[PDB]
$ cat coords_20.pdb   # PDB, C-alpha atoms and all ligand atoms
ATOM      1  CA  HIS A   3     188.336 -27.596-102.957  1.00  0.00           C
ATOM      2  CA  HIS A   4     187.529 -27.205-106.655  1.00  0.00           C
ATOM      3  CA  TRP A   5     184.253 -29.197-106.919  1.00  0.00           C
ATOM      4  CA  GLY A   6     181.086 -27.662-108.362  1.00  0.00           C
ATOM      5  CA  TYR A   7     178.247 -28.393-110.781  1.00  0.00           C
ATOM      6  CA  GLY A   8     179.964 -27.362-113.981  1.00  0.00           C
ATOM      7  CA  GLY A   9     180.939 -29.127-117.143  1.00  0.00           C
ATOM      8  CA  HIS A  10     184.199 -30.516-115.607  1.00  0.00           C
ATOM      9  CA  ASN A  11     183.903 -30.470-111.807  1.00  0.00           C
ATOM     10  CA  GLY A  12     180.332 -31.770-111.224  1.00  0.00           C
ATOM     11  CA  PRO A  13     178.936 -34.786-109.302  1.00  0.00           C
ATOM     12  CA  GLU A  14     180.450 -37.415-111.533  1.00  0.00           C
ATOM     13  CA  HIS A  15     183.922 -36.120-110.646  1.00  0.00           C
ATOM     14  CA  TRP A  16     183.571 -35.736-106.898  1.00  0.00           C
ATOM     15  CA  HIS A  17     184.701 -39.271-106.074  1.00  0.00           C
ATOM     16  CA  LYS A  18     188.305 -38.464-107.023  1.00  0.00           C
ATOM     17  CA  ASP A  19     188.832 -36.071-104.105  1.00  0.00           C
ATOM     18  CA  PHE A  20     186.014 -37.544-101.965  1.00  0.00           C
ATOM     19  CA  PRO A  21     185.994 -41.323-102.395  1.00  0.00           C
ATOM     20  CA  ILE A  22     183.027 -41.675 -99.980  1.00  0.00           C
ATOM     21  CA  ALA A  23     181.032 -40.485-102.959  1.00  0.00           C
ATOM     22  CA  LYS A  24     180.715 -44.165-103.898  1.00  0.00           C
ATOM     23  CA  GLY A  25     179.847 -45.198-100.329  1.00  0.00           C
ATOM     24  CA  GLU A  26     177.026 -47.199 -98.810  1.00  0.00           C
ATOM     25  CA  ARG A  27     174.905 -44.407 -97.349  1.00  0.00           C
ATOM     26  CA  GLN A  28     174.981 -41.662-100.024  1.00  0.00           C
ATOM     27  CA  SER A  29     172.320 -39.045-100.691  1.00  0.00           C
ATOM     28  CA  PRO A  30     170.113 -38.153-102.386  1.00  0.00           C
ATOM     29  CA  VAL A  31     168.054 -41.168-103.474  1.00  0.00           C
ATOM     30  CA  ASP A  32     164.946 -41.906-105.450  1.00  0.00           C
ATOM     31  CA  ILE A  33     162.005 -42.589-103.121  1.00  0.00           C
ATOM     32  CA  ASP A  34     159.976 -45.500-104.604  1.00  0.00           C
ATOM     33  CA  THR A  35     156.651 -44.841-102.979  1.00  0.00           C
ATOM     34  CA  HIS A  36     155.506 -48.453-103.328  1.00  0.00           C
ATOM     35  CA  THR A  37     158.572 -49.879-101.662  1.00  0.00           C
ATOM     36  CA  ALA A  38     158.751 -47.417 -98.707  1.00  0.00           C
ATOM     37  CA  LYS A  39     157.231 -48.990 -95.658  1.00  0.00           C
ATOM     38  CA  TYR A  40     154.798 -47.238 -93.318  1.00  0.00           C
ATOM     39  CA  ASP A  41     156.351 -47.386 -89.901  1.00  0.00           C
ATOM     40  CA  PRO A  42     153.600 -46.946 -87.347  1.00  0.00           C
ATOM     41  CA  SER A  43     156.406 -46.549 -84.795  1.00  0.00           C
ATOM     42  CA  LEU A  44     157.512 -43.224 -86.266  1.00  0.00           C
ATOM     43  CA  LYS A  45     156.418 -40.117 -84.463  1.00  0.00           C
ATOM     44  CA  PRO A  46     155.135 -36.783 -85.615  1.00  0.00           C
ATOM     45  CA  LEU A  47     157.997 -34.516 -86.355  1.00  0.00           C
ATOM     46  CA  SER A  48     158.386 -31.659 -83.918  1.00  0.00           C
ATOM     47  CA  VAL A  49     159.484 -28.538 -85.764  1.00  0.00           C
ATOM     48  CA  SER A  50     160.055 -25.813 -83.106  1.00  0.00           C
ATOM     49  CA  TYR A  51     160.923 -22.570 -84.927  1.00  0.00           C
ATOM     50  CA  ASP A  52     159.032 -20.043 -82.786  1.00  0.00           C
ATOM     51  CA  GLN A  53     162.219 -18.663 -81.283  1.00  0.00           C
ATOM     52  CA  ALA A  54     164.354 -18.865 -84.436  1.00  0.00           C
ATOM     53  CA  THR A  55     167.002 -16.140 -84.994  1.00  0.00           C
ATOM     54  CA  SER A  56     167.970 -15.746 -88.651  1.00  0.00           C
ATOM     55  CA  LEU A  57     171.179 -13.708 -89.057  1.00  0.00           C
ATOM     56  CA  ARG A  58     172.681 -13.551 -92.522  1.00  0.00           C
ATOM     57  CA  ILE A  59     172.378 -14.823 -96.130  1.00  0.00           C
ATOM     58  CA  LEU A  60     175.504 -15.881 -97.922  1.00  0.00           C
ATOM     59  CA  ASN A  61     176.283 -16.858-101.513  1.00  0.00           C
ATOM     60  CA  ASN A  62     178.906 -19.594-101.024  1.00  0.00           C
ATOM     61  CA  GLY A  63     179.534 -20.282-104.691  1.00  0.00           C
ATOM     62  CA  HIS A  64     177.256 -23.338-104.812  1.00  0.00           C
ATOM     63  CA  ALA A  65     173.969 -22.107-103.277  1.00  0.00           C
ATOM     64  CA  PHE A  66     172.879 -19.445-100.856  1.00  0.00           C
ATOM     65  CA  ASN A  67     172.672 -20.188 -97.175  1.00  0.00           C
ATOM     66  CA  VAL A  68     170.269 -18.492 -94.728  1.00  0.00           C
ATOM     67  CA  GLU A  69     172.180 -18.751 -91.462  1.00  0.00           C
ATOM     68  CA  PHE A  70     170.702 -18.915 -87.980  1.00  0.00           C
ATOM     69  CA  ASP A  71     171.992 -18.420 -84.440  1.00  0.00           C
ATOM     70  CA  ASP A  72     172.780 -21.983 -83.439  1.00  0.00           C
ATOM     71  CA  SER A  73     174.525 -21.025 -80.149  1.00  0.00           C
ATOM     72  CA  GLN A  74     171.354 -21.988 -78.149  1.00  0.00           C
ATOM     73  CA  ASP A  75     168.350 -24.171 -78.599  1.00  0.00           C
ATOM     74  CA  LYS A  76     166.104 -21.675 -80.395  1.00  0.00           C
ATOM     75  CA  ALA A  77     165.058 -23.384 -83.649  1.00  0.00           C
ATOM     76  CA  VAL A  78     165.118 -27.122 -83.132  1.00  0.00           C
ATOM     77  CA  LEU A  79     164.000 -30.320 -84.804  1.00  0.00           C
ATOM     78  CA  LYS A  80     162.982 -33.271 -82.585  1.00  0.00           C
ATOM     79  CA  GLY A  81     160.722 -36.280 -82.792  1.00  0.00           C
ATOM     80  CA  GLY A  82     159.986 -38.136 -85.973  1.00  0.00           C
ATOM     81  CA  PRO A  83     162.825 -40.741 -86.320  1.00  0.00           C
ATOM     82  CA  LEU A  84     165.197 -38.733 -84.171  1.00  0.00           C
ATOM     83  CA  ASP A  85     166.505 -39.091 -80.649  1.00  0.00           C
ATOM     84  CA  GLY A  86     167.521 -35.909 -78.981  1.00  0.00           C
ATOM     85  CA  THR A  87     167.578 -32.381 -80.160  1.00  0.00           C
ATOM     86  CA  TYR A  88     168.938 -30.913 -83.413  1.00  0.00           C
ATOM     87  CA  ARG A  89     169.654 -27.171 -83.850  1.00  0.00           C
ATOM     88  CA  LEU A  90     168.925 -25.371 -87.121  1.00  0.00           C
ATOM     89  CA  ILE A  91     172.175 -24.044 -88.543  1.00  0.00           C
ATOM     90  CA  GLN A  92     171.157 -22.936 -92.076  1.00  0.00           C
ATOM     91  CA  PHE A  93     168.856 -23.625 -94.958  1.00  0.00           C
ATOM     92  CA  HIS A  94     169.478 -23.561 -98.658  1.00  0.00           C
ATOM     93  CA  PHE A  95     167.994 -24.746-101.905  1.00  0.00           C
ATOM     94  CA  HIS A  96     168.899 -26.774-104.919  1.00  0.00           C
ATOM     95  CA  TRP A  97     167.338 -25.850-108.256  1.00  0.00           C
ATOM     96  CA  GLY A  98     167.425 -26.327-111.967  1.00  0.00           C
ATOM     97  CA  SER A  99     167.913 -24.387-115.183  1.00  0.00           C
ATOM     98  CA  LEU A 100     164.313 -25.244-116.052  1.00  0.00           C
ATOM     99  CA  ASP A 101     161.315 -26.382-113.904  1.00  0.00           C
ATOM    100  CA  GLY A 102     161.727 -30.040-114.967  1.00  0.00           C
ATOM    101  CA  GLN A 103     164.790 -30.608-112.821  1.00  0.00           C
ATOM    102  CA  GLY A 104     166.400 -29.141-109.678  1.00  0.00           C
ATOM    103  CA  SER A 105     165.448 -31.478-106.781  1.00  0.00           C
ATOM    104  CA  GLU A 106     167.990 -33.881-105.314  1.00  0.00           C
ATOM    105  CA  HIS A 107     165.509 -36.439-104.033  1.00  0.00           C
ATOM    106  CA  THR A 108     163.051 -37.752-106.556  1.00  0.00           C
ATOM    107  CA  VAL A 109     159.689 -39.477-105.985  1.00  0.00           C
ATOM    108  CA  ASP A 110     159.055 -42.437-108.310  1.00  0.00           C
ATOM    109  CA  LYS A 111     161.713 -40.794-110.516  1.00  0.00           C
ATOM    110  CA  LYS A 112     159.817 -37.488-110.619  1.00  0.00           C
ATOM    111  CA  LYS A 113     162.108 -34.429-110.329  1.00  0.00           C
ATOM    112  CA  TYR A 114     160.807 -31.243-108.754  1.00  0.00           C
ATOM    113  CA  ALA A 115     161.834 -27.725-109.782  1.00  0.00           C
ATOM    114  CA  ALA A 116     163.740 -27.243-106.528  1.00  0.00           C
ATOM    115  CA  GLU A 117     164.331 -28.675-103.040  1.00  0.00           C
ATOM    116  CA  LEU A 118     164.803 -26.868 -99.767  1.00  0.00           C
ATOM    117  CA  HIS A 119     167.121 -28.317 -97.109  1.00  0.00           C
ATOM    118  CA  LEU A 120     166.853 -27.184 -93.477  1.00  0.00           C
ATOM    119  CA  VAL A 121     170.053 -28.449 -91.872  1.00  0.00           C
ATOM    120  CA  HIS A 122     170.184 -29.267 -88.177  1.00  0.00           C
ATOM    121  CA  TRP A 123     172.940 -30.711 -85.935  1.00  0.00           C
ATOM    122  CA  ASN A 124     172.691 -32.914 -82.878  1.00  0.00           C
ATOM    123  CA  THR A 125     173.443 -30.956 -79.707  1.00  0.00           C
ATOM    124  CA  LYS A 127     174.903 -34.000 -78.019  1.00  0.00           C
ATOM    125  CA  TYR A 128     178.030 -33.367 -80.150  1.00  0.00           C
ATOM    126  CA  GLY A 129     178.412 -29.731 -79.149  1.00  0.00           C
ATOM    127  CA  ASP A 130     179.304 -28.232 -82.546  1.00  0.00           C
ATOM    128  CA  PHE A 131     178.538 -28.813 -86.214  1.00  0.00           C
ATOM    129  CA  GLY A 132     182.024 -29.917 -86.988  1.00  0.00           C
ATOM    130  CA  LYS A 133     181.869 -32.709 -84.463  1.00  0.00           C
ATOM    131  CA  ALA A 134     178.371 -33.656 -85.500  1.00  0.00           C
ATOM    132  CA  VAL A 135     179.326 -34.336 -89.149  1.00  0.00           C
ATOM    133  CA  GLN A 136     181.745 -37.038 -87.967  1.00  0.00           C
ATOM    134  CA  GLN A 137     178.874 -39.078 -86.418  1.00  0.00           C
ATOM    135  CA  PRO A 138     176.212 -41.323 -88.016  1.00  0.00           C
ATOM    136  CA  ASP A 139     173.458 -39.511 -86.104  1.00  0.00           C
ATOM    137  CA  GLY A 140     175.098 -36.064 -86.271  1.00  0.00           C
ATOM    138  CA  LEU A 141     172.663 -34.225 -88.638  1.00  0.00           C
ATOM    139  CA  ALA A 142     168.964 -34.121 -89.407  1.00  0.00           C
ATOM    140  CA  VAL A 143     168.061 -32.507 -92.711  1.00  0.00           C
ATOM    141  CA  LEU A 144     164.410 -31.575 -93.466  1.00  0.00           C
ATOM    142  CA  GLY A 145     163.856 -31.735 -97.215  1.00  0.00           C
ATOM    143  CA  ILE A 146     160.927 -29.956 -98.862  1.00  0.00           C
ATOM    144  CA  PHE A 147     160.134 -30.129-102.574  1.00  0.00           C
ATOM    145  CA  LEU A 148     159.197 -27.025-104.598  1.00  0.00           C
ATOM    146  CA  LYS A 149     156.799 -27.108-107.520  1.00  0.00           C
ATOM    147  CA  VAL A 150     155.989 -24.164-109.719  1.00  0.00           C
ATOM    148  CA  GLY A 151     152.480 -22.707-109.532  1.00  0.00           C
ATOM    149  CA  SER A 152     151.245 -20.099-107.080  1.00  0.00           C
ATOM    150  CA  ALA A 153     153.674 -17.856-105.264  1.00  0.00           C
ATOM    151  CA  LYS A 154     154.880 -18.798-101.770  1.00  0.00           C
ATOM    152  CA  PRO A 155     154.464 -15.573 -99.749  1.00  0.00           C
ATOM    153  CA  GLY A 156     156.968 -16.624 -97.074  1.00  0.00           C
ATOM    154  CA  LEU A 157     159.612 -17.042 -99.732  1.00  0.00           C
ATOM    155  CA  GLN A 158     159.570 -13.540-101.108  1.00  0.00           C
ATOM    156  CA  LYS A 159     161.846 -11.953 -98.528  1.00  0.00           C
ATOM    157  CA  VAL A 160     164.473 -14.431 -99.610  1.00  0.00           C
ATOM    158  CA  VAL A 161     163.957 -13.818-103.326  1.00  0.00           C
ATOM    159  CA  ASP A 162     164.053 -10.062-102.913  1.00  0.00           C
ATOM    160  CA  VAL A 163     167.473 -10.018-101.302  1.00  0.00           C
ATOM    161  CA  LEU A 164     169.287 -12.201-103.924  1.00  0.00           C
ATOM    162  CA  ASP A 165     170.319  -9.263-106.102  1.00  0.00           C
ATOM    163  CA  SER A 166     172.498  -8.204-103.144  1.00  0.00           C
ATOM    164  CA  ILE A 167     174.438 -11.455-102.958  1.00  0.00           C
ATOM    165  CA  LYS A 168     174.780 -12.171-106.647  1.00  0.00           C
ATOM    166  CA  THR A 169     178.289 -13.566-106.564  1.00  0.00           C
ATOM    167  CA  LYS A 170     180.318 -16.023-104.500  1.00  0.00           C
ATOM    168  CA  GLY A 171     181.498 -14.666-101.136  1.00  0.00           C
ATOM    169  CA  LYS A 172     178.826 -11.951-100.862  1.00  0.00           C
ATOM    170  CA  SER A 173     176.641 -11.807 -97.771  1.00  0.00           C
ATOM    171  CA  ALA A 174     173.817  -9.584 -96.504  1.00  0.00           C
ATOM    172  CA  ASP A 175     172.093  -9.086 -93.193  1.00  0.00           C
ATOM    173  CA  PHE A 176     169.051 -11.388 -93.023  1.00  0.00           C
ATOM    174  CA  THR A 177     167.485 -10.894 -89.582  1.00  0.00           C
ATOM    175  CA  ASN A 178     163.903 -11.543 -88.579  1.00  0.00           C
ATOM    176  CA  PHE A 179     163.110 -14.168 -91.210  1.00  0.00           C
ATOM    177  CA  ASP A 180     160.576 -16.847 -90.097  1.00  0.00           C
ATOM    178  CA  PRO A 181     161.271 -20.221 -91.666  1.00  0.00           C
ATOM    179  CA  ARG A 182     157.852 -21.507 -90.690  1.00  0.00           C
ATOM    180  CA  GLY A 183     156.576 -19.716 -93.801  1.00  0.00           C
ATOM    181  CA  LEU A 184     158.509 -22.189 -95.974  1.00  0.00           C
ATOM    182  CA  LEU A 185     156.699 -25.292 -94.674  1.00  0.00           C
ATOM    183  CA  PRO A 186     153.812 -27.111 -96.388  1.00  0.00           C
ATOM    184  CA  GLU A 187     150.550 -27.796 -94.550  1.00  0.00           C
ATOM    185  CA  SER A 188     151.281 -31.478 -93.821  1.00  0.00           C
ATOM    186  CA  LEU A 189     154.349 -32.868 -92.059  1.00  0.00           C
ATOM    187  CA  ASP A 190     153.930 -36.376 -93.415  1.00  0.00           C
ATOM    188  CA  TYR A 191     157.437 -37.614 -94.368  1.00  0.00           C
ATOM    189  CA  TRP A 192     159.771 -40.284 -95.602  1.00  0.00           C
ATOM    190  CA  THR A 193     162.992 -40.997 -93.729  1.00  0.00           C
ATOM    191  CA  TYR A 194     166.226 -42.827 -94.424  1.00  0.00           C
ATOM    192  CA  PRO A 195     169.949 -42.758 -93.353  1.00  0.00           C
ATOM    193  CA  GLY A 196     172.105 -40.862 -95.707  1.00  0.00           C
ATOM    194  CA  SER A 197     174.788 -38.249 -96.291  1.00  0.00           C
ATOM    195  CA  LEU A 198     175.563 -34.617 -97.019  1.00  0.00           C
ATOM    196  CA  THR A 199     174.855 -34.025-100.736  1.00  0.00           C
ATOM    197  CA  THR A 200     177.875 -31.791-101.154  1.00  0.00           C
ATOM    198  CA  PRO A 201     181.480 -32.610-100.591  1.00  0.00           C
ATOM    199  CA  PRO A 202     182.694 -33.837 -98.163  1.00  0.00           C
ATOM    200  CA  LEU A 203     179.719 -36.166 -98.612  1.00  0.00           C
ATOM    201  CA  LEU A 204     179.943 -37.366 -94.981  1.00  0.00           C
ATOM    202  CA  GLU A 205     177.562 -40.144 -94.016  1.00  0.00           C
ATOM    203  CA  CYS A 206     176.122 -38.296 -91.003  1.00  0.00           C
ATOM    204  CA  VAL A 207     172.519 -37.434 -91.945  1.00  0.00           C
ATOM    205  CA  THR A 208     169.078 -38.607 -90.957  1.00  0.00           C
ATOM    206  CA  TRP A 209     167.048 -37.470 -93.990  1.00  0.00           C
ATOM    207  CA  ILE A 210     163.457 -36.432 -93.383  1.00  0.00           C
ATOM    208  CA  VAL A 211     161.766 -35.612 -96.726  1.00  0.00           C
ATOM    209  CA  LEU A 212     158.247 -34.093 -96.644  1.00  0.00           C
ATOM    210  CA  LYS A 213     155.715 -35.694 -98.965  1.00  0.00           C
ATOM    211  CA  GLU A 214     153.807 -32.421 -99.676  1.00  0.00           C
ATOM    212  CA  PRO A 215     155.656 -29.971-101.911  1.00  0.00           C
ATOM    213  CA  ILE A 216     155.337 -26.224-101.472  1.00  0.00           C
ATOM    214  CA  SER A 217     154.264 -24.067-104.454  1.00  0.00           C
ATOM    215  CA  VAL A 218     156.397 -21.217-105.543  1.00  0.00           C
ATOM    216  CA  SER A 219     155.870 -18.951-108.556  1.00  0.00           C
ATOM    217  CA  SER A 220     157.806 -19.081-111.777  1.00  0.00           C
ATOM    218  CA  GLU A 221     159.006 -15.533-111.033  1.00  0.00           C
ATOM    219  CA  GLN A 222     160.351 -16.664-107.638  1.00  0.00           C
ATOM    220  CA  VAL A 223     162.396 -19.510-109.082  1.00  0.00           C
ATOM    221  CA  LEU A 224     163.529 -17.352-112.047  1.00  0.00           C
ATOM    222  CA  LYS A 225     165.126 -15.088-109.507  1.00  0.00           C
ATOM    223  CA  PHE A 226     167.116 -17.983-107.999  1.00  0.00           C
ATOM    224  CA  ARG A 227     168.482 -18.616-111.520  1.00  0.00           C
ATOM    225  CA  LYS A 228     169.986 -15.120-111.821  1.00  0.00           C
ATOM    226  CA  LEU A 229     172.534 -15.810-109.135  1.00  0.00           C
ATOM    227  CA  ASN A 230     176.150 -16.574-110.067  1.00  0.00           C
ATOM    228  CA  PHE A 231     178.466 -19.368-109.067  1.00  0.00           C
ATOM    229  CA  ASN A 232     181.377 -17.101-109.895  1.00  0.00           C
ATOM    230  CA  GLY A 233     182.930 -14.296-107.934  1.00  0.00           C
ATOM    231  CA  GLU A 234     182.527 -10.530-108.585  1.00  0.00           C
ATOM    232  CA  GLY A 235     183.700  -9.466-111.985  1.00  0.00           C
ATOM    233  CA  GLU A 236     184.509 -12.989-113.195  1.00  0.00           C
ATOM    234  CA  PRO A 237     182.989 -14.563-116.332  1.00  0.00           C
ATOM    235  CA  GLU A 238     179.280 -14.925-115.471  1.00  0.00           C
ATOM    236  CA  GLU A 239     178.200 -18.543-114.760  1.00  0.00           C
ATOM    237  CA  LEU A 240     174.555 -18.662-113.755  1.00  0.00           C
ATOM    238  CA  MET A 241     173.857 -20.591-110.511  1.00  0.00           C
ATOM    239  CA  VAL A 242     171.609 -23.294-111.994  1.00  0.00           C
ATOM    240  CA  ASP A 243     171.544 -27.110-111.707  1.00  0.00           C
ATOM    241  CA  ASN A 244     173.203 -27.182-108.306  1.00  0.00           C
ATOM    242  CA  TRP A 245     171.772 -30.595-107.526  1.00  0.00           C
ATOM    243  CA  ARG A 246     173.437 -33.981-107.087  1.00  0.00           C
ATOM    244  CA  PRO A 247     171.489 -36.810-108.826  1.00  0.00           C
ATOM    245  CA  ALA A 248     170.013 -39.778-107.061  1.00  0.00           C
ATOM    246  CA  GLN A 249     172.565 -42.333-105.708  1.00  0.00           C
ATOM    247  CA  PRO A 250     172.208 -46.039-105.181  1.00  0.00           C
ATOM    248  CA  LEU A 251     170.027 -47.007-102.248  1.00  0.00           C
ATOM    249  CA  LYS A 252     172.074 -50.116-101.349  1.00  0.00           C
ATOM    250  CA  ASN A 253     171.182 -51.742 -98.134  1.00  0.00           C
ATOM    251  CA  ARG A 254     168.760 -49.089 -96.935  1.00  0.00           C
ATOM    252  CA  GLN A 255     165.140 -48.862 -96.050  1.00  0.00           C
ATOM    253  CA  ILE A 256     163.012 -45.771 -96.616  1.00  0.00           C
ATOM    254  CA  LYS A 257     160.283 -45.469 -93.982  1.00  0.00           C
ATOM    255  CA  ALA A 258     157.022 -43.510 -94.325  1.00  0.00           C
ATOM    256  CA  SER A 259     155.335 -41.685 -91.421  1.00  0.00           C
ATOM    257  CA  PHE A 260     151.926 -42.039 -93.043  1.00  0.00           C
ATOM    258  CA  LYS A 261     149.792 -45.031 -93.870  1.00  0.00           C
TER     259      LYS A 261
HETATM  260  O     O B 301     173.223 -29.931-100.074  1.00  0.00           O
HETATM  261 ZN    ZN B 302     171.288 -29.373 -99.645  1.00  0.00          ZN
END
$ encode --input "coords_20.pdb" --output "structure tokens" --more "lines below"
Ligand SMILES: [O-]
Ligand SMILES: [Zn+2]
Amino acid sequence: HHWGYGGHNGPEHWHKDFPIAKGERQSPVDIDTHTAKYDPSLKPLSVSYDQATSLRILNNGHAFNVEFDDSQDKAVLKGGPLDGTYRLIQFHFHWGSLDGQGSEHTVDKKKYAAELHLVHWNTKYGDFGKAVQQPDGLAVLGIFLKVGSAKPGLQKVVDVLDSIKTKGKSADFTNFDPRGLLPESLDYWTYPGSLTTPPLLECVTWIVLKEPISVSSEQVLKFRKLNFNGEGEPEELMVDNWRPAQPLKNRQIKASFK
């Protein structure tokens, strides 16, 4: 793999190695709030993170992942549009070089400064690698970030970044509680889509929260000091690691709220 978010290997190039980039169920998308339909049939999401076990944070060269123990049903997503039970495997963010861009989903073409993705896989498929091969294999909870007041539950993440500055670096990241990254409301939009990184597999039920969380400018500044590169290599700041909105095609975005 040689894809990234640079001047020569970014989203507009991905289709050469990953032709599904131009597919029928690609993410992210712009959410036109007037066209999304309230679906009174949709349930409240069930976000069950009480028993979550965070383990490690890893700079993978494109973002940082906070990894969880997904060997048992500890931290699970159920309900909403979903059937069955989806285990949290990791979360990460997408962000910009400046506050005016960074989110992958947009809302009436509005870009947020960043977007958090909590990635979960369907336990009926047994492992993550099997799940990504199935149309109902993943459930990703998307949460927008806007810049204003600090998010206290984010600071443990921001404080560790200096220890994983470069690609391939990891640090212990036990005892982190992802419930502190949620907004107050769980109202959401949902649609069928894909991973937003190569391999771009069309295996995701997207659940995007309507209420953004507020983070401080200092918190997002610290995301922007990370590096895409490896140790000792020419410094390339980890900024603008977002794929732009893709065509909606023959899809309907459903709202949980009226
Ligand atoms: O992603
Ligand atoms: Zn993501």
$ residues_around --input "coords_20.pdb" --residues "residue 85 in chain A" --least-positions-apart "2" --cutoff "12 Å" --atoms "only C-alpha atoms" --output "VMD selection string"
chain A and resid 44 to 45 47 to 48 79 to 83 87 to 88 123 to 125 127 139 to 142 208
$ closest_residue --input "coords_20.pdb" --among "A:64, A:107, A:17, A:24" --to "residue 212 in chain A" --atoms "only C-alpha atoms"
A:107
$ resolve_selection --input "coords_20.pdb" --expression "the PyMOL selection byres (((chain A and resi 150) around 10) and not hetatm)" --output "mmCIF file with C-alpha atoms, keeping the file's coordinate frame"
data_model
loop_
_atom_site.group_PDB
_atom_site.id
_atom_site.type_symbol
_atom_site.label_atom_id
_atom_site.label_comp_id
_atom_site.auth_asym_id
_atom_site.auth_seq_id
_atom_site.Cartn_x
_atom_site.Cartn_y
_atom_site.Cartn_z
ATOM 1 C CA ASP A 101 161.315 -26.382 -113.904
ATOM 2 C CA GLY A 102 161.727 -30.040 -114.967
ATOM 3 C CA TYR A 114 160.807 -31.243 -108.754
ATOM 4 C CA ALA A 115 161.834 -27.725 -109.782
ATOM 5 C CA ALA A 116 163.740 -27.243 -106.528
ATOM 6 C CA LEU A 148 159.197 -27.025 -104.598
ATOM 7 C CA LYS A 149 156.799 -27.108 -107.520
ATOM 8 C CA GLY A 151 152.480 -22.707 -109.532
ATOM 9 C CA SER A 152 151.245 -20.099 -107.080
ATOM 10 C CA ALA A 153 153.674 -17.856 -105.264
ATOM 11 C CA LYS A 154 154.880 -18.798 -101.770
ATOM 12 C CA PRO A 215 155.656 -29.971 -101.911
ATOM 13 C CA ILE A 216 155.337 -26.224 -101.472
ATOM 14 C CA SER A 217 154.264 -24.067 -104.454
ATOM 15 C CA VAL A 218 156.397 -21.217 -105.543
ATOM 16 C CA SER A 219 155.870 -18.951 -108.556
ATOM 17 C CA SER A 220 157.806 -19.081 -111.777
ATOM 18 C CA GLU A 221 159.006 -15.533 -111.033
ATOM 19 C CA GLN A 222 160.351 -16.664 -107.638
ATOM 20 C CA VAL A 223 162.396 -19.510 -109.082
#
$ closest_residue --input "coords_20.pdb" --among "A:33, A:210, A:121, A:164" --to "ligand ZN 302 (chain B)" --atoms "only C-alpha atoms and all ligand atoms"
A:121
$ residues_near_ligand --input "coords_20.pdb" --ligand "ligand O 301 (chain B)" --cutoff "9 Å" --atoms "all atoms listed in the file" --output "PyMOL selection string"
chain A and resi 65+94-96+106+118-119+121+198-201+244-246
$ resolve_selection --input "coords_20.pdb" --expression "the PyMOL selection byres (((chain A and resi 211) around 9) and not hetatm)" --output "number ranges by chain"
A: 107, 143-147, 190-194, 209-210, 212-213
$ build_atoms --input "coords_20.pdb" --residues "range 84-95 of chain A" --atoms "N, CA and C atoms" --output "mmCIF file, keeping the file's coordinate frame"
data_model
loop_
_atom_site.group_PDB
_atom_site.id
_atom_site.type_symbol
_atom_site.label_atom_id
_atom_site.label_comp_id
_atom_site.auth_asym_id
_atom_site.auth_seq_id
_atom_site.Cartn_x
_atom_site.Cartn_y
_atom_site.Cartn_z
ATOM 1 N N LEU A 84 164.063 -39.219 -84.816
ATOM 2 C CA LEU A 84 165.197 -38.733 -84.171
ATOM 3 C C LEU A 84 165.142 -38.966 -82.636
ATOM 4 N N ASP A 85 166.317 -39.199 -82.076
ATOM 5 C CA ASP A 85 166.505 -39.091 -80.649
ATOM 6 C C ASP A 85 167.263 -37.784 -80.398
ATOM 7 N N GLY A 86 166.858 -37.082 -79.363
ATOM 8 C CA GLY A 86 167.521 -35.909 -78.981
ATOM 9 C C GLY A 86 167.139 -34.740 -79.881
ATOM 10 N N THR A 87 167.957 -33.716 -79.736
ATOM 11 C CA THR A 87 167.578 -32.381 -80.160
ATOM 12 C C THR A 87 168.562 -31.889 -81.197
ATOM 13 N N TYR A 88 168.078 -31.382 -82.319
ATOM 14 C CA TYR A 88 168.938 -30.913 -83.413
ATOM 15 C C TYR A 88 168.697 -29.429 -83.706
ATOM 16 N N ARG A 89 169.735 -28.642 -83.648
ATOM 17 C CA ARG A 89 169.654 -27.171 -83.850
ATOM 18 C C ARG A 89 169.722 -26.791 -85.294
ATOM 19 N N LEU A 90 168.838 -25.911 -85.779
ATOM 20 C CA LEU A 90 168.925 -25.371 -87.121
ATOM 21 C C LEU A 90 170.154 -24.528 -87.285
ATOM 22 N N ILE A 91 171.008 -24.855 -88.226
ATOM 23 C CA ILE A 91 172.175 -24.044 -88.543
ATOM 24 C C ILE A 91 171.988 -23.159 -89.805
ATOM 25 N N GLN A 92 171.377 -23.730 -90.872
ATOM 26 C CA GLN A 92 171.157 -22.936 -92.076
ATOM 27 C C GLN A 92 170.184 -23.718 -92.936
ATOM 28 N N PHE A 93 169.545 -22.990 -93.843
ATOM 29 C CA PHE A 93 168.856 -23.625 -94.958
ATOM 30 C C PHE A 93 169.351 -23.083 -96.268
ATOM 31 N N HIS A 94 169.169 -23.902 -97.301
ATOM 32 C CA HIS A 94 169.478 -23.561 -98.658
ATOM 33 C C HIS A 94 168.607 -24.380 -99.573
ATOM 34 N N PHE A 95 168.723 -24.065 -100.864
ATOM 35 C CA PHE A 95 167.994 -24.746 -101.905
ATOM 36 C C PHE A 95 168.924 -25.319 -102.948
#
